[PDB]
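Secondary and tertiary structure notes
The primary structure of each chain is shown beneath.
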Amino acid sequence: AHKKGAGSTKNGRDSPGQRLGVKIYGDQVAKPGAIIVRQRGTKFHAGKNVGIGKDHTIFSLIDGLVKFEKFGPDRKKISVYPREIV
Amino acid sequence: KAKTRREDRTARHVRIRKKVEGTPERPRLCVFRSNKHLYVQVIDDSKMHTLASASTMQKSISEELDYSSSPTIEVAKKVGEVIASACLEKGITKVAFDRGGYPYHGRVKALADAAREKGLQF
Amino acid sequence: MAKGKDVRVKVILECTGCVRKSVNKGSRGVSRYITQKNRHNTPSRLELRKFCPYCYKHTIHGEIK
Amino acid sequence: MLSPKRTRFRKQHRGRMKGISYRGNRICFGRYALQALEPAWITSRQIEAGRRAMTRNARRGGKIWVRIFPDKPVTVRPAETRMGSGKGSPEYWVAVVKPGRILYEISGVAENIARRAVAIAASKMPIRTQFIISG
RNA sequence: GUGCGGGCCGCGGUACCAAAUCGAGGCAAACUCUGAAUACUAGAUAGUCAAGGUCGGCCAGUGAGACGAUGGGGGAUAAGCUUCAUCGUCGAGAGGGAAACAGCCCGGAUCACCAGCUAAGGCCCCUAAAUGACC
RNA sequence: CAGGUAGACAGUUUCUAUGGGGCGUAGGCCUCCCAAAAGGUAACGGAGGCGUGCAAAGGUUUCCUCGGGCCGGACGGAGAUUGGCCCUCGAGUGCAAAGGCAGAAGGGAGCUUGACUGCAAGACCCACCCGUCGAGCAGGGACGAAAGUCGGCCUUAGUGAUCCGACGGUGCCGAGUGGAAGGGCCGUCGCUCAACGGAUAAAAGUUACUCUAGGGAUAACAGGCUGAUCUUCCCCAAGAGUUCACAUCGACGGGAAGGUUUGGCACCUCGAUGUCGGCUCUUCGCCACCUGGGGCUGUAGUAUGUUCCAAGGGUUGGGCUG
RNA sequence: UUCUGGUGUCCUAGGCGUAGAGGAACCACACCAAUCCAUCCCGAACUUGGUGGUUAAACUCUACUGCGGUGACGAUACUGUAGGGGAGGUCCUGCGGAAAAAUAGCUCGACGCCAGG
């Protein structure tokens, strides 16, 4: 059953909290960064909720997936070198 | 004494919305009314520029009574139609519904409806 | 029922559509496909919510009067 | 490097005296001063035995100022093995006295009387002390 | 320093006994408005390395490792002590050097050879090599 | 046949983690730090929580947005209703905690109730199982004028597979045929199975009678490393010593030596090195108590106190108790 | 070119405080309000129909360097790599990188589309 008495906390943790891909790259419709789950949808990389200045990627791939609080949410579309023929 | 930050009016009337941001900028429709007249504008997006901008006064030039009332709802639809038509001729209907401060039946109810008379349909 | 370490039970009921079936189970101690959980003690009784079952779409739902 | 504190939920890790980086104060209050050379765990029984001694050879004179304050607790093991962390209050508590920082301060008196005063105060300190003046 | 109140006679007043606030001087893994090296991810290029990098298939072995340097928890920042991360060595490679010390340093052994030049460490004798020059 | 009694007898269980074992405590998930600025990464290392709550604190549309304090007012004498000013994550978020948030999930109201079915490009997280996010598509709805949102609740825990089974649907099958029972498939329920990746439907102790398989990687005597404590010495120094700090001693504190105390380590020995004490017989070193040579002495002498060199030598017989 | 309104690229060299100043051509107050609509109390705020007056406030400019903020050179801290010392448990040297605070100084923004004088 539930134990009680003189003792401190226990059990370690791991989200984890890293960053997938990065600026200037063929960021596919995966999930860049995603430090925390439940990240809303975003048709691009990110660039908000931080120091002045927005981020941008050289190539995109139909929507994406980035955090909701940090880096994001969704605003303007960015994609250097138009993905078109001729 | 101590600097205080207060969110401006145009920052609490729920002006900017999500979804529509699917594009760098959504084709909003500047339908604001002053303290005497009303100014309409089909501002484009991307960076700037617009398709067609009309006003209550400008209409007086085409065909309207001189000392005629402007705040009247009758003029609303007139200001929404004058800005239209030519706006479509510029290329293709690229106007949406954007207005934060008019309780639906505001002085813009005719402005948005006027757009549904030239081609813009949703 | 009185909450505590003794004799508890998850107040989970069902919501069968009016004169219909599917998207719901009917037995002694079974729950619907959506598995609804009422409060029992808290003023409830008579549950219902228009849901979309198998046959056609959207009905009434809400069994146990 | 300690002074009268107040009750609180004080009970954290030990810590670790790092480079001289942090400490690097100067001489603000009082004419002369006294600095250290190497960090350490100064207990309360050291600062008190050094402060009273600073005025012990004076008695009714100027005023003593303390530009320091302890923080890093001190946990000690009784005599048994090692089952858990120490208490934190068996003997006392300390902090970190890195070089470059100022300790005692004396003023309102002559140069000689303020010179010997720091002498005895330096003896109470476990770590070597450097005597300065101003400028 | 200013200052609601509250202690001692009790309204003039009084040692900061003592909250906020202004100026000056500090501490913190869970403080940090700011802010390196470095690590890592990704896009090109010149070479170099006798595909090392990746996938699938057959047979393995091994899960109580130790030590030194460096960055941190435990202990008094006491232990070749213990528990993690990283690099190297031992452990599955001698030898040269530290007198003798596997883990420290140099260098990392296909073999022969009364063949030379070096690294680390040294050059009075004992085991080869400066009681060499100048201050 | 069957209900009690029934270890007198028989077959077994009675966990582990744990810097000996044992006792205690600790043996999932969720928040921060130690993890040394991409993740990941230990230890009964440092501070707190969960085994839910909720016809709605769900979704949507519109609108509204603090705390606290100062100056005023009938019921105020520190805070309660009102008005004005300063109104600045220092508020409010269902509950711990980090982060984030006032384009608000904050707060209120109406309509409602996607707290939707069937799928789902492309990826994250794990050895695996498993977990998490997700534009768009198909069949139907809710809110708003519309664009448009919603596949639960700000996010992260609020949990647990397998097998045995109850029950509905589904003419899938159903061993001669036609049915049925049963099974399969769709959907749901039962297990503080927590020692919770859970060995049973169901199982506590002793063994100084002990036995066997192994090892000091797991203890006891002891050597060794280390050594806070202990022992010895020393620094500054208010005082005691009438006066006078140090003849003697010496508070508040500090720096070392040595190493026989109390511990840790438990590095080499459980294919073993017999524990203490006494007796017999000694060896060496030193901060040697006595004998000898000296300084100071609040040392007159006779006798002592302290300190330095020095041990050459010598250094007790009994009552009681192992 | 000057002035004014709506919406952006840039978000405290662009903020706040103080002083002055301008427009019924534009924007705000303001007038009226049996209504569509709103106020769980008042049309204060939204909203609707519109003489007069004003532009005080608000807002938009200008001036004024109190309070914020932006930010060198040099030095210092720290650190990768390759080594050397070392009793405080860190530190030094060759080499590369080299901020925070602080100082001089900068500074009280600068522009883009459209419309109305």
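What the deposited record gives as its method is cryo-EM, and the resolution it gives is 9.4 Å.

Within chain C one finds zero helices and two strands. Overall size of chain C, expressed as C-alpha extent along the three principal axes, is 45 × 20 × 15 Å. Across the 65 residues that make up chain C, the buried fraction comes to 18%. Look at the contacts in chain C between residues 6 or more apart in sequence, and 43% of them connect residues 24 or more apart. When the accessible surface of chain C is totalled, it reaches about 5,600 Å², and 57% of it is carbon and sulfur.

Quick look at the sheet that holds strand 1 (residues 32–36) of chain D now. All names here are of chain D. Reading across from one edge, 2-1-3 is the order of the three strands in this open sheet, with antiparallel pairing throughout. Each having just a single partner strand, strand 2 (102–106) and strand 3 (129–132) make up the two edges of the open sheet. Taking the axes of each pair of neighbouring strands and ignoring which way they run, one obtains an average angle of 25° across the sheet. As paired strands, strand 1 and strand 3 are joined by four bridges and run antiparallel to one another. Looking across to strand 3, one finds that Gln-35 is bridged to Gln-130.

Our focus in this paragraph is the protein's contact with RNA strand G. Residue and element names in this part refer to chain B. Around RNA strand G sit 38 residues, and of these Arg-28, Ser-53, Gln-58, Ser-69 and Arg-107 come closest. Of all RNA strand G atoms lying within 4 Å of any protein atom, the proportion belonging to sugar or phosphate reaches 83%. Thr-72 places a side-chain nitrogen or oxygen 3.1 Å from a phosphate oxygen of RNA strand G. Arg-107 is positioned such that a nitrogen or oxygen atom in its side chain is 2.6 Å from a phosphate oxygen of RNA strand G. Per element, the largest residue contribution to the surface near RNA strand G is three residues, and it comes from strand 3 (residues 50–55). Of the residues belonging to the surface near RNA strand G, the class tally is 14 nonpolar, 16 polar and eight charged.

Before going further, it helps to examine the pattern of salt bridges. Under the counting rule described, the total for this entry stands at five salt bridges over all chains. Put simply, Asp-98 of chain B and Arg-17 of chain B hold a salt bridge, and the shortest N to O gap is 2.7 Å. Taken as a pair, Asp-98 of chain B in the loop between helix 3 (86–89) and helix 4 (109–115) and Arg-17 of chain B in the segment before strand 1 (30–33) lie far apart in primary sequence, 81 residues in all. Put simply, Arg-128 of chain D and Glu-38 of chain D hold a salt bridge, and the shortest N to O gap is 3.9 Å. With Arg-128 of chain D in the loop between helix 2 (113–124) and strand 3 and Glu-38 of chain D in the loop between strand 1 and helix 1 (44–56), this pair connects stretches of sequence that are 90 residues apart. By relative accessible area, which is 57% here, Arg-128 of chain D ends up exposed.

Applying the stated criterion across every chain, the model contains five aromatic pairs over all chains. Ring centres 5.5 Å apart and planes at 85° place the aromatic pair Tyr-92 of chain D and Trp-93 of chain D in the edge-to-face group. Classification of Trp-93 of chain D as partly exposed rests on a relative accessible area of 22%. When the ring centre of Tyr-56 of chain C is taken as origin, the NZ or CZ atom of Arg-20 of chain C, which lies over that ring, is 5.8 Å away. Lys-5 of chain D extends its terminal NZ or CZ atom over the ring of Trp-93 of chain D, reaching a point 5.3 Å from the ring centre.

The rules behind each value
Residues numbered from 1 in each chain as written, not as in the entry; some residues may be left out. Chains lettered and ligands numbered in written order. Part of a larger assembly, values for the part shown. Heavy atoms only, no water. Helix = DSSP H or I, 4+ residues; strand = E, 2+ residues; numbered from the N terminus. Buried < 20%, exposed > 50% of the residue type's maximum accessible area, 1.4 Å probe, protein only. Contact = heavy atoms within 4.5 Å. Areas by Shrake-Rupley, 256 points an atom, 1.4 Å probe, with all protein chains shown as cover. Pairing = 2+ DSSP bridges. Axes fitted to C-alpha atoms, helices over the stretch in contact; angles between N-to-C directions. Near = heavy atom within 4 Å. Polar contact = N/O pair within 3.5 Å; in protein donor to acceptor, adjacent residues only side chain to side chain. Nonpolar A, V, L, I, M, F, W, Y, C, P; charged D, E, K, R; others polar. Salt bridge = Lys/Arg side-chain N within 4 Å of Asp/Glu carboxyl O. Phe/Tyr/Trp six-rings, centres within 6.5 Å; stacked < 30°, edge-to-face > 60°. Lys NZ or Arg CZ within 6 Å of the ring centre and 35° of its normal.

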